[PDB]
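In what follows, a single structure is set out as structure tokens and then discussed.
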Amino acid sequence: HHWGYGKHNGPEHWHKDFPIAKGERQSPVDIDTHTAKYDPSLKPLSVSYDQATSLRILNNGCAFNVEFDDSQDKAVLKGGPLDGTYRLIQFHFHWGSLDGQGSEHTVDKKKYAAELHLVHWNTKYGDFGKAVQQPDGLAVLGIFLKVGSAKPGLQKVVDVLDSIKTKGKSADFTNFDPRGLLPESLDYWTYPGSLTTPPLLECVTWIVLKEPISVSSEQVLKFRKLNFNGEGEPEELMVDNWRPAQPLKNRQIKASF
Ligand SMILES: [Zn+2]
């Protein structure tokens, strides 16, 4: 794909091919914690990952995706602002070149080192590609990463990155438990938005956890050794693969706490 994160094809350029980039419900956004309102109508969030079946990890030239078997309700998200059942299809991260940037969402304008997106699709639409055409097709669980203590549950991801350095490379990645990437609290903010990469479809209910997870400098450093390019091409470190905050326009962010 043409688009990217370079100064010639980055986020400021996307609108030329994807005019929805200047749409009414684009993501990410800044979460103003003093404007977000507690919503007692929200039901408890249910993260049901015990039967998760990971398959593979893929460098797709933009991030790396850990892919799951979504042929059955094996790892689902329910509750919270959601109606129905949303199946985990993949997770990926966005991260920076420096520890002071990398997240897509911001919290009172604070940028985190990275942001994990666990992507789920609404089973009432039958498959992911149909779901992304619907305003309630996806539910993305967003989790901030800050640099501190190592995250043990991330280390298996870190250790395979050497095997998917360049675009198009994949590796088997079975028996990975995504529960190890969750913080202790499931307190979140929620709002209607979009994919944060082209095609930027406005199909996401965003659920952004308040509590970050901590990862070590060594761990995030390993993310930064990935490459955007394909093998045998000049090296372009995979860093700063984040879209900045977009206008909130006619939306309200709700808090679960
Ligand atoms: Zn993402």
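Simple scheme: letters A, B, ... for chains in structure tokens order, numbers from 1 for residues in each chain, numbers from 1 for ligands in the order shown.
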
Item to complete: List every residue of region 70-225 of chain A that DSSP, applied to the backbone, labels as helix (DSSP H, G or I), and write the result as a ChimeraX atom specification.
Response: /A:123-125,128-131,152-164,178-181,217-223

Could the residues in this selection be written to a file with N, CA, C and O atoms, as a compact mmCIF listing (two decimals), in the first residue's frame?
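File written: again-v9.txt
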```
# COMPACT_ATOMS: atom_id res chain seq x y z
N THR A 123 -19.94 -10.54 15.98
CA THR A 123 -20.24 -11.80 15.34
C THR A 123 -21.55 -11.71 14.59
O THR A 123 -21.84 -12.56 13.76
N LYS A 124 -22.40 -10.71 14.89
CA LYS A 124 -23.63 -10.65 14.11
C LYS A 124 -23.41 -10.32 12.64
O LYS A 124 -24.33 -10.52 11.87
N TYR A 125 -22.20 -9.90 12.29
CA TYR A 125 -21.93 -9.63 10.88
C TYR A 125 -21.17 -10.75 10.18
O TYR A 125 -20.82 -10.63 8.98
N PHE A 128 -15.08 -10.52 9.49
CA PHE A 128 -14.44 -9.23 9.74
C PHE A 128 -14.71 -8.25 8.61
O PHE A 128 -14.94 -7.08 8.82
N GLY A 129 -14.61 -8.72 7.36
CA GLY A 129 -14.76 -7.79 6.26
C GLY A 129 -16.13 -7.18 6.13
O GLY A 129 -16.32 -6.06 5.67
N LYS A 130 -17.16 -7.91 6.55
CA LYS A 130 -18.51 -7.34 6.62
C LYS A 130 -18.65 -6.41 7.82
O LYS A 130 -19.29 -5.38 7.76
N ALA A 131 -18.04 -6.81 8.94
CA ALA A 131 -18.13 -6.03 10.17
C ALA A 131 -17.54 -4.64 9.97
O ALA A 131 -18.11 -3.68 10.48
N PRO A 152 6.15 -9.47 31.85
CA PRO A 152 6.47 -10.86 31.54
C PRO A 152 5.60 -11.41 30.44
O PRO A 152 6.07 -12.16 29.59
N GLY A 153 4.32 -11.05 30.43
CA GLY A 153 3.44 -11.62 29.43
C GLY A 153 3.69 -11.09 28.04
O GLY A 153 3.07 -11.60 27.09
N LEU A 154 4.55 -10.09 27.87
CA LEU A 154 4.89 -9.61 26.55
C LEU A 154 6.15 -10.27 26.00
O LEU A 154 6.46 -10.16 24.81
N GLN A 155 6.89 -10.95 26.88
CA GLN A 155 8.23 -11.35 26.48
C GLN A 155 8.18 -12.36 25.35
O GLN A 155 9.07 -12.28 24.50
N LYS A 156 7.21 -13.26 25.31
CA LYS A 156 7.19 -14.18 24.16
C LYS A 156 7.02 -13.44 22.84
O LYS A 156 7.48 -13.91 21.80
N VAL A 157 6.33 -12.30 22.86
CA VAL A 157 6.17 -11.50 21.64
C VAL A 157 7.53 -10.93 21.29
O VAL A 157 8.01 -11.04 20.16
N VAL A 158 8.17 -10.32 22.29
CA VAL A 158 9.49 -9.70 22.08
C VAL A 158 10.45 -10.71 21.50
O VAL A 158 11.23 -10.42 20.58
N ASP A 159 10.41 -11.94 22.03
CA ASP A 159 11.43 -12.89 21.59
C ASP A 159 11.25 -13.42 20.18
O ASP A 159 12.23 -13.92 19.62
N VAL A 160 10.08 -13.35 19.59
CA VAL A 160 9.93 -13.76 18.20
C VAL A 160 10.18 -12.67 17.18
O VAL A 160 10.20 -12.97 15.97
N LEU A 161 10.34 -11.42 17.61
CA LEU A 161 10.41 -10.32 16.65
C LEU A 161 11.61 -10.44 15.73
O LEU A 161 11.56 -9.98 14.60
N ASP A 162 12.67 -11.06 16.22
CA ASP A 162 13.86 -11.31 15.44
C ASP A 162 13.56 -12.12 14.20
O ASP A 162 14.33 -12.04 13.23
N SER A 163 12.49 -12.89 14.24
CA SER A 163 12.14 -13.78 13.14
C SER A 163 11.18 -13.12 12.17
O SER A 163 10.85 -13.74 11.15
N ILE A 164 10.69 -11.90 12.42
CA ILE A 164 9.79 -11.23 11.51
C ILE A 164 10.25 -9.80 11.28
O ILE A 164 9.48 -8.86 11.31
N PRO A 178 -3.25 -13.88 25.61
CA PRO A 178 -3.31 -12.40 25.63
C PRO A 178 -3.73 -11.86 26.98
O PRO A 178 -3.63 -10.65 27.21
N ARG A 179 -4.16 -12.73 27.90
CA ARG A 179 -4.47 -12.20 29.23
C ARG A 179 -3.26 -11.59 29.93
O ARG A 179 -3.34 -10.76 30.84
N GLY A 180 -2.08 -12.03 29.50
CA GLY A 180 -0.87 -11.52 30.11
C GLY A 180 -0.54 -10.11 29.68
O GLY A 180 0.43 -9.58 30.21
N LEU A 181 -1.29 -9.53 28.75
CA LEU A 181 -1.07 -8.15 28.36
C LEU A 181 -2.02 -7.16 29.03
O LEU A 181 -1.96 -5.94 28.75
N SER A 217 12.43 -0.88 29.01
CA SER A 217 13.17 -0.24 27.93
C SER A 217 13.66 -1.29 26.94
O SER A 217 13.57 -1.07 25.73
N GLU A 218 14.16 -2.41 27.45
CA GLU A 218 14.67 -3.47 26.55
C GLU A 218 13.57 -3.99 25.65
O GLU A 218 13.76 -4.22 24.44
N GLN A 219 12.38 -4.17 26.23
CA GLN A 219 11.28 -4.68 25.44
C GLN A 219 10.89 -3.73 24.33
O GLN A 219 10.68 -4.12 23.19
N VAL A 220 10.73 -2.44 24.66
CA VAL A 220 10.26 -1.52 23.63
C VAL A 220 11.41 -1.34 22.65
O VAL A 220 11.16 -1.14 21.47
N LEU A 221 12.65 -1.42 23.13
CA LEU A 221 13.76 -1.30 22.18
C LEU A 221 13.69 -2.37 21.12
O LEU A 221 14.03 -2.11 19.97
N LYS A 222 13.26 -3.56 21.50
CA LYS A 222 13.13 -4.63 20.51
C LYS A 222 12.07 -4.30 19.50
O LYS A 222 12.22 -4.64 18.32
N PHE A 223 10.98 -3.65 19.84
CA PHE A 223 9.98 -3.23 18.86
C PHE A 223 10.60 -2.34 17.81
O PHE A 223 10.30 -2.42 16.61
```

Discussion item. I need the residues of region 44-213 of chain A that end up classed as strand (DSSP E) by DSSP on the backbone, written out as a PyMOL selection string.
Written reply: chain A and resi 45-48+54-59+64-68+76-79+86-95+106-107+114-122+138-147+170-172+188-193+204-209+213

Worksheet item: So, counting only C-alpha atoms, which residue among A:184, A:199, A:30, A:136 is closest to residue 2 (chain A)?
Response: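 Looking only at the distances to residue 2 (chain A), the closest residue turns out to be A:199.
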
Practice prompt. Give the residues close to ligand 1, within 7 Å, counting only C-alpha atoms and all ligand atoms; write them as a list in words.
Written response: residues 92, 93, 94, 116, 117 and 196 of chain A

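Omitting residue 226 (chain A) and its sequence neighbours fewer than 6 positions away, and counting only C-alpha atoms, the residues within 10 Å are residues 59, 61, 62, 63, 64, 161, 162, 163, 164, 165, 166, 167, 235, 236, 237, 238 and 239 of chain A.
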
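Distance check against residue 46 (chain A) using only C-alpha atoms: of A:211, A:233, A:83, A:177, the minimum falls on A:83.
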
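For the atom pair formed by CA of residue 187 (chain A) and CA of residue 214 (chain A), the distance is 16.4 Å, given to one decimal.
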
Worksheet entry | Nearest-residue call for residue 168 (chain A), choices A:57, A:225, A:132, A:126, using only C-alpha atoms | A:57

Non-local contacts of residue 42 (chain A) (9 Å; only C-alpha atoms; under 2 positions in same chain excluded) as a CSV table (one decimal) with N, CA, C and O atoms, in the first residue's frame:
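The resulting file, result-v3.csv, is reproduced below:
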```csv
chain,number,residue,atom,x,y,z
A,38,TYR,N,-18.7,9.9,33.6
A,38,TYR,CA,-19.1,8.6,34.1
A,38,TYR,C,-20.5,8.3,33.6
A,38,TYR,O,-21.4,9.1,33.7
A,39,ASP,N,-20.6,7.1,33.1
A,39,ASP,CA,-21.9,6.6,32.5
A,39,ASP,C,-22.4,5.4,33.3
A,39,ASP,O,-21.9,4.3,33.1
A,40,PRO,N,-23.3,5.5,34.2
A,40,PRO,CA,-23.8,4.4,35.0
A,40,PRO,C,-24.5,3.4,34.1
A,40,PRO,O,-24.9,2.3,34.5
A,44,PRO,N,-20.9,-4.1,33.1
A,44,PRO,CA,-19.5,-4.5,33.3
A,44,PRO,C,-18.9,-5.1,32.1
A,44,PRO,O,-19.5,-5.7,31.2
A,45,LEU,N,-17.6,-4.8,31.9
A,45,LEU,CA,-16.9,-5.3,30.8
A,45,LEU,C,-16.4,-6.7,31.0
A,45,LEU,O,-16.0,-7.0,32.1
A,79,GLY,N,-20.0,-6.9,27.0
A,79,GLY,CA,-20.4,-6.0,28.1
A,79,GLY,C,-19.8,-4.6,27.8
A,79,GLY,O,-19.6,-4.2,26.7
A,80,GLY,N,-19.7,-3.8,28.9
A,80,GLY,CA,-19.4,-2.4,28.7
A,80,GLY,C,-20.4,-1.7,27.8
A,80,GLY,O,-21.6,-1.9,28.2
A,81,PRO,N,-19.9,-1.0,26.8
A,81,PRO,CA,-20.9,-0.3,25.9
A,81,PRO,C,-21.4,-1.2,24.8
A,81,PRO,O,-22.2,-0.8,24.0
A,82,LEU,N,-20.9,-2.5,24.8
A,82,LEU,CA,-21.2,-3.3,23.7
A,82,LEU,C,-22.5,-4.1,23.9
A,82,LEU,O,-22.8,-4.6,24.9
A,254,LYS,N,-17.2,8.5,27.3
A,254,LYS,CA,-17.8,8.1,28.5
A,254,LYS,C,-16.8,7.3,29.3
A,254,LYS,O,-16.0,6.6,28.7
A,255,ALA,N,-16.9,7.5,30.7
A,255,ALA,CA,-16.0,6.7,31.6
A,255,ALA,C,-16.8,5.7,32.3
A,255,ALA,O,-18.0,5.9,32.6
A,256,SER,N,-16.1,4.6,32.5
A,256,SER,CA,-16.8,3.5,33.2
A,256,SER,C,-16.6,3.5,34.7
A,256,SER,O,-17.2,2.7,35.4
```

Item to complete: Can you work out which one of A:189, A:176, A:242, A:121 has the shortest atom-to-atom distance to residue 66 (chain A), counting only C-alpha atoms?
Response: A:176

Could you list, with a cut-off of 12 Å and counting only C-alpha atoms, the residues of region 99-126 of chain A near region 204-210 of chain A, each shown with its nearest atom pair and the distance in Å rounded to one decimal, rows sorted by chain and ascending number, as a Markdown table?
```
| residue | atom | partner | partner_atom | distance |
| --- | --- | --- | --- | --- |
| A:103 | CA | A:208 | CA | 11.5 |
| A:104 | CA | A:208 | CA | 10.8 |
| A:105 | CA | A:208 | CA | 8.3 |
| A:106 | CA | A:208 | CA | 10.1 |
| A:107 | CA | A:210 | CA | 8.8 |
| A:108 | CA | A:210 | CA | 11.8 |
| A:112 | CA | A:210 | CA | 11.8 |
| A:115 | CA | A:208 | CA | 9.7 |
| A:116 | CA | A:208 | CA | 9.7 |
| A:117 | CA | A:208 | CA | 9.1 |
| A:118 | CA | A:207 | CA | 9.8 |
| A:119 | CA | A:204 | CA | 9.3 |
| A:120 | CA | A:204 | CA | 9.2 |
| A:121 | CA | A:204 | CA | 9.0 |
| A:122 | CA | A:204 | CA | 10.1 |
```

Worksheet, complete the sentence: If you count only C-alpha atoms, the residue of A:55, A:89, A:47, A:20 closest to residue 246 (chain A) turns out to be A:20
